[PDB]
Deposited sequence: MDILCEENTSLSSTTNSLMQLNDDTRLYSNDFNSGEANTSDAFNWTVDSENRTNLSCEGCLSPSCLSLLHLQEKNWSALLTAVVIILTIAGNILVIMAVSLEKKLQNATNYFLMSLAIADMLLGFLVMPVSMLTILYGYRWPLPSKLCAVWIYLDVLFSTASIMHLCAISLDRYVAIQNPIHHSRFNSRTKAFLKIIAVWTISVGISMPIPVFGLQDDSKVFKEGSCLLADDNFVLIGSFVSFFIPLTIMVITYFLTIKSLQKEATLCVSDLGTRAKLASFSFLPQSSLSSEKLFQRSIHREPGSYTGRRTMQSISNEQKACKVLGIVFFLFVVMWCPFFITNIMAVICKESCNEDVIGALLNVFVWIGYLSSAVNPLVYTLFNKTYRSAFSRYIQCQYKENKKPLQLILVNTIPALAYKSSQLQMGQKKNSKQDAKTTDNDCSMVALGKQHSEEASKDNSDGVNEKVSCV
């Protein structure tokens, strides 16, 4: 099965990134600490929610696990996915600040920057996902649809997509545009930086954007469910690629 390789690839890659950060002394910085937090978020995703989704696939969407654990699976999924998305948004904003005015960024670049960034993205990821477990454990009608775990509460779905993906999308489009506008023998390295930024941004858009577009179009409107069933796993594929496209541009990670 195609989903059998994705769990192993995610669990291997994130362990490799965290072991390379812990072992290589040259990779101790604020940005690499934020990247280790990103790898922690996707490793928790690939360990906790991804074989559960494979189990849901192997039973034909009739959920084998009992009904008490549905509201925490949506909680873990939304929490780790919002953590990953806000991690990429904060990385894009920090790259724009560190590329537009490099003197004033390095003037304020303490480890308090990294700790406040991690605190902000995890606080946001907790606070956006807050109505999931309190309103789902006793109220099974809002987190079930025809005997399967799904977010039936579309009033949560529309607003949560709006705060979780589309406002990060409208932030990262602006910061990517202004970072390309600010990158226009350093001229040779700026082209490699532009290529890496383009690959990372368009890969994020391609990996996450079909699922949220069809998720909002589900609430605006069985083809939609069959599209969602594979676009979720396309969304899970971002968490295995995000260690690769954020580390392999630096040769120290490849030498590790």
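- Residues of the deposited sequence lacking C-alpha coordinates, counted from 1, fall in the stretches 1-78, 263-312, 350-355, 391-471.
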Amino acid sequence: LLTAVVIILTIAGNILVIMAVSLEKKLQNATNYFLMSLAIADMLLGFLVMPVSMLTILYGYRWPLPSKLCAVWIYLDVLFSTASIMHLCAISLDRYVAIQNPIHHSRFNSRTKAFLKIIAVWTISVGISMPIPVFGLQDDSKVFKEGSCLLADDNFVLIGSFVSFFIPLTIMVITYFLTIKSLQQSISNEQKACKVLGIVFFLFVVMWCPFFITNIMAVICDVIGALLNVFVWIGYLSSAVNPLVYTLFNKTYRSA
From here on, numbers count along this sequence of modelled residues.
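So that the term is clear: the rigid core is the largest set of C-alpha atoms that superpose within 1.5 Å between two forms.
- Relative to the shown model and aligned on the rigid core, the C-alphas in 6 other deposited structures of this protein deviate most, among 142-150 and 96-104, for 142-150.
- Compared with the other entries of this protein, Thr82 is consistently built, present in every one of those that build its neighbours rather than absent from a third.
- Among other deposited entries of this protein with both flanking residues present, at least a third omit coordinates for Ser186.
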